[PDB]
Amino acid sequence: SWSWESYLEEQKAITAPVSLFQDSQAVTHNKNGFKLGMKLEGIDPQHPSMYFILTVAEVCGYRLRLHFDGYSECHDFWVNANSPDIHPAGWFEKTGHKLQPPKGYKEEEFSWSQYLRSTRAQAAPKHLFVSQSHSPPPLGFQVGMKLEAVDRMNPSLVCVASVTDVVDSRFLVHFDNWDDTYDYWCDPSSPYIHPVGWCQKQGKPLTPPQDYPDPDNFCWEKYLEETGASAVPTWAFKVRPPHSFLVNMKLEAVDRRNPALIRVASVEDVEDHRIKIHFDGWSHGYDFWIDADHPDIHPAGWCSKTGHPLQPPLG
């Protein structure tokens, strides 16, 4: 079999130490208890504020492929078994969230008991989920508070934002007057969020809510008065320290073109909070920037220890 050890010798290279990764990205001793066919609840990666009924369509190592019941397979997506974005059947009900029903169902025609009987399926057991809303909420962040946030799809924009959901230790950042397509989950240390008035103290422009009247003259105090909303308090923002990944360090990363695959990778370039991934043996055209805390990058040896195939360098 291909060997990391042999590869490092051949390339005179080094791996990114485990210490540079979050424990969740590095942990390999947890068993993946998810099984083909089990059903559960989870957010739609395309619409992060929404919850759907999902079925385990494939299991591979410490990862699983999820399918949106009743919908096209083209919507399928992969997550790690320790994902905080999935929850046990019944979770939405116990936490006050809304659940979009499977294609073909009206929301009232939905009850997990009838559904499971009609599909002769089993709901994934509760003990397999890291997120069940039993842990503490993020400090200082409550649904309804306002803040300023970088649009990660348009990073040159720091917009007026709100906290619209809180699950365990994370919260959902929402861009005022847009749908949820630009929303993202994060924690108090995210380098993409700032307290109200940040843009002003920085001399950077602030982007007001979509179609806000007379945008050129947006005033936070006025908007907060209009909405009766309060600003996330400044003490709540505890941005994380820049990561310590150095160029040329090697690691393992999920392929962004074909998520089923994980390949041998190297750090091509770095920023304070992101690293540019290069897939050994492939064109640099495939190189991509990714946040250092992304769940899809892991230390060398992750695939082997978890039982997931690792694609060696092209050629």
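Numbering starts at 1 and runs along the sequence shown. For the two forms, the rigid core is made up of the largest set of C-alpha atoms that agree within 1.5 Å on superposition.
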Core-fitted comparison in 7 other deposited structures of this protein, 96-104 vs 83-91, farther C-alphas: 96-104
Which of 144-152 and 178-186 lies farther from this form in 7 other deposited structures of this protein, as RMS of C-alpha positions after a rigid core fit: 178-186
Stretch exceeding the other in mean C-alpha B-factor - 8-16, 297-305: 8-16
Of 203-211 and 146-154, the stretch whose C-alpha atoms average the higher B-factor in the entry: 203-211
Deposited CA B-factor, highest of 194, 106, 174, 87: 106
Residue with highest C-alpha B-factor in the PDB entry, from 161, 186, 167, 139: 139
Ranked C-alpha temperature factor of residue 116 among modelled chain residues, by third: middle
Chain-wide C-alpha B factor ranking for residue 227, given as lowest, middle or highest third: middle
Residue 79 - which third its CA temperature factor falls in, relative to the rest of the chain: lowest
Third of the chain's Cα B-factor distribution that residue 31 belongs to, per the entry: highest
